[PDB]
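Presented below, as C-alpha cells, is a lone chain in the form deposited without the ligand.
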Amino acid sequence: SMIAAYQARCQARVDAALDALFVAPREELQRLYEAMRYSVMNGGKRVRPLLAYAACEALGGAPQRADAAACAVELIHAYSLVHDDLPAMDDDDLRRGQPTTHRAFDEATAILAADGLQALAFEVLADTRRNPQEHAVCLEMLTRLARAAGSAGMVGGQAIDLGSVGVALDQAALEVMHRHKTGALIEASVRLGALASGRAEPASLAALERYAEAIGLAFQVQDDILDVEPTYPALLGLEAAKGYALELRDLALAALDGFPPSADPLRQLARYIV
C-alpha cells in the first residue's frame, strides 16, 4: 500500500536519527546508554513519528523539518513503556518475544534509562540545531509535549488506569482513560509535526487536533477488535464496536476536509487503522 511505504520511510528515517542519540559520553555511562538504546531500538513501528512527519507534510512542510519532533515523541513513548513494564506496574517479562528492559539489564537501570529518555525528549526539542524552527515555535513544541507527557496527559492516564482496577468502567470513563493514556501523546505528535511545517495556523491546527482525537480512539477500538478476531467489544458487542471504529475513521477523514493532496498520508492512515 501507499501507507505501508510511507510507514517504512518514516521508520527508517526516525530510526537513523534516534540511533545517533545513544553514545555514552564516557566509559562509566556505557551500560546506562546501552539500556537506553535497548529500550528504543526495538523494531517498533513508529506510529508517533509517522504522525509527526505526515502532519508536517499535510501543511506543506518538508518532512525532515519534523525529525526532532518525531524523535521526541518516540522518546516519550519508549520511556513510558519501560516504566510500564516494571514489576510494580504491568510486570511484563517480554515485549514481542524479547526481554523487557528491566529483565535484560536490571530494575534500577531500567528506571534510570527511561528517566534519561524523558529528559532527552526535551533536550532534542530545545536544541536549535537538531530542531531548527523559530524559537517561539520550539517553545510551543516543548510546551505541548510537556503537557501531553505529564500528569495532565499520558502519566495522568496511567494513574486513571491504576485507579480504576476493580471498578467496572462505562464507555465514557473508558474513553477518559484512553484520551489521557494514549490520546494526549498521539495528539501531540500531530501538533508537533504541524508546528515543524513552518506553516501552522490556528484553523489548520484545530482540524488536525480533531483528526488526532479520532484516530487515537480508533486505534484502541480496533486493537480490542483484533484481540477478539473492560474492552470495546465487551461493552458494546463485537459488531457495534466495529461500527464505532468506522465512525471514528469517518470523523478523522471529515477533519481533513479542505486539506490538499499532501494530507493523503493522514487519510490513508485513518483507513489503514480500521
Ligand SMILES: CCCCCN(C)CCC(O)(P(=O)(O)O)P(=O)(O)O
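Note that residue numbering begins at 1 and tracks the sequence as displayed.
The following text describes the form solved in complex with the ligand, which does not appear among the structures shown.
Figure note: of the listed segments 240 to 248, 219 to 227, 60 to 68, 23 to 31, the one touching the ligand in the deposited complex, with heavy atoms no more than 4.5 Å away, is 219 to 227. Contact check for residue 106: every heavy atom lies farther than 4.5 Å from the ligand in the deposited complex. In the deposited complex, at least one heavy atom of residue 154 sits within 4.5 Å of the ligand.
Under a 4.5 angstroms non-hydrogen atom cutoff, the ligand in the deposited complex has residue 95 among its neighbouring residues.
In the deposited complex, at least one heavy atom of residue 158 sits within 4.5 Å of the ligand.
Checking 134, 90, 170, 127 against the ligand in the deposited complex, a heavy atom within 4.5 Å turns up for just one residue: 90. The listed set 100, 197, 80, 204 contains one residue whose heavy atoms approach the ligand in the deposited complex to within 4.5 Å, identified as 80. For the partner-free chain shown, 181, 182 of 165 to 185 come within 4.5 angstroms of the ligand in the deposited complex, judged by any non-hydrogen atom.
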